[PDB]
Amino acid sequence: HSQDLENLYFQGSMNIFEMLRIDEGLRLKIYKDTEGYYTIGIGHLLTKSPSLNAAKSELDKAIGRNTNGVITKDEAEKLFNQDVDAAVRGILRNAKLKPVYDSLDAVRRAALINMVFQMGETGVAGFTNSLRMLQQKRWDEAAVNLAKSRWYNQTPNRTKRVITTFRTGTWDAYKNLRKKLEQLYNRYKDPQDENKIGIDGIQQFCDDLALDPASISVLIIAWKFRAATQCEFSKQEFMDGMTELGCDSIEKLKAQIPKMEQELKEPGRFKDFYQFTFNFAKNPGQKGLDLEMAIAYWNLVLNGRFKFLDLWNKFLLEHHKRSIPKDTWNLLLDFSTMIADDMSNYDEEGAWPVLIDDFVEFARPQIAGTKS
C-alpha cells in the first residue's frame, strides 16, 4: 500500500510526525477543536458538521475501515503524512517559500513545515529577512532574528525547539525534550508499574508543585490532563498533558496552574470540569458513583457555587446508600443555576431526577424557618 509506514523505514526514526507529536500533540480519539469541529490525530480536521456520525464517516473513508472514532498511532501518522504532502505541495507553488525550502536539508525542511502547520503559508512567508538568512545558511543570525518575533511570544517552548532545529540542523531539541519528560516522569512513576504514576508519585507531584493534595487545584490539573481515574496518573496522560500545556518542567507547570484556574471562570468551562469530575471519581468497574464519594467531590467543586450545598449535605446524609448516575450528577449543576434563593421557581414537571424532587420537598422546613 502507498501509505505503508514500511515505505519510510529508510528514514530516521525522528521525523516530522514525531516532531509535531511533541509540538502540538497526538489524539487517537475524535475530539472537538477550539472552533468546535471534529478532529483527530495531529490536528486533522474531519468535518465542520455538528454530527459525530458525519465525522466518523469521513474518518472511515480516510483510514479505510470502520474505526468508530478511534485510531492507532500508526494510522494517525498515515493521516498526518498525507497532510504533510499537501503542505509541501503548497510550499512548492509559493514563490516566497519554494526557494528557501529547496535550499534546506531534510531536518531544516521539517522545521519549515512545522512553521507552516502552525501559522500557514502567508504567516511563514512574512519572515522575509529570516527566510533569506536561512537560504544563505546564516543559521545563528536566523535563529536570533526568529526569536524576536511574535511567534516566539505565542508559543515560546515550541518556537525555541524549531529555532534550535534551524540553528543546528539536528533533532537535538526534540531528543532533549523527550529525555526531560522521561526523566521527570521517572521521578513519579510507580516502581511496580512503569505505565502509571501511583499514589506516592501523585503526592510527590503535588509537593513539587507546592499544592495541598486535597485542594481543588489538584483536580483542576487532573481535568487539564484528562485523567481517567483518581489515584492513577497514566504515562500517556502525563506526556499528553505536559505536551498540551507546553511544559517540560515543574517550574513551567506551576506557572500554568493559575491559567487553568482562570479558565474555570467561564460557565461553559466549569460545566466541562464539573462533568469531568463524575467520570474521574467513579470506580472504573462501576456504572454509577457511590454516594459517599459523590458527596466528597460535590463539596470540593460546588462549595461557594451551590447556595444550598449545606442543606444538600444534610439531605443526603439521611438517605440510604445509593449509586448516583451520571445524569443526576449533571443535572444538579443545572438545578443550582436556575433555582431561586427560596426555591420558589422549581418546576416539578421539569423531569429533574427524583433525588432533586425529594430535595426540594426536604428543604421546606428550613426555607420556612429562615422566612420566619
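A residue's number is simply how far along the shown sequence it sits, counting from 1. Take the two forms, superpose them, and find the largest set of C-alpha atoms that agree within 1.5 Å; that set is the rigid core.
Check your understanding: Fitting on the core, do the C-alphas of 73-81 or of 117-125 deviate more in 5 other deposited structures of this protein?
Key -> If we average over structures and residues in 5 other deposited structures of this protein, the farther stretch is 73-81.
Review point. Taking RMS over all structures and residues, which stretch has CA atoms farther from the shown form in 5 other deposited structures of this protein, 302-310 or 29-37, after a rigid core fit?
Key: Between 302-310 and 29-37, greater C-alpha deviation in 5 other deposited structures of this protein belongs to 29-37.
Review point. Is residue 322 without coordinates in at least a third of the other compared PDB entries of this protein that model the residues flanking it?
Key: Yes.
Practice item. May I ask you to compare 83-91 and 253-261 by their mean CA B factor in the entry and name the higher one? Key: Between 83-91 and 253-261, it is 253-261.
Check your understanding: If you average the CA temperature factors over each stretch, which comes out higher, 206-214 or 297-305?
Key -> The stretch with the larger mean CA B-factor is 206-214.
Point to revise | Residue selected from 122, 183, 236, 275 by maximal Cα B factor | key: Checking the PDB record, the top C-alpha B-factor among 122, 183, 236, 275 is at 122.
Review point. Compared with the other modelled residues in the chain, in which third is the CA B-factor of residue 240?
Key: Middle third by C-alpha B-factor.
**Study point:** Third assignment of residue 357 from its chain's C-alpha B-factors
**Key:** Tercile = lowest for this residue's CA B-factor.
Practice item. Place residue 199 in the lowest, middle or highest third of its chain's C-alpha B-factors, as listed in the PDB entry. Key: Tercile = highest for this residue's CA B-factor.
Exercise for review: Quick one: classify residue 153 as lowest, middle or highest third of the chain based on its Cα B-factor.
Suggested key: According to the entry, residue 153 has a C-alpha B-factor in the chain's middle third.
**Study point:** CA B-factor ranking of residue 77, expressed as a third of its chain
**Key:** It belongs to the lowest third of the chain when residues are ordered by C-alpha B-factor.
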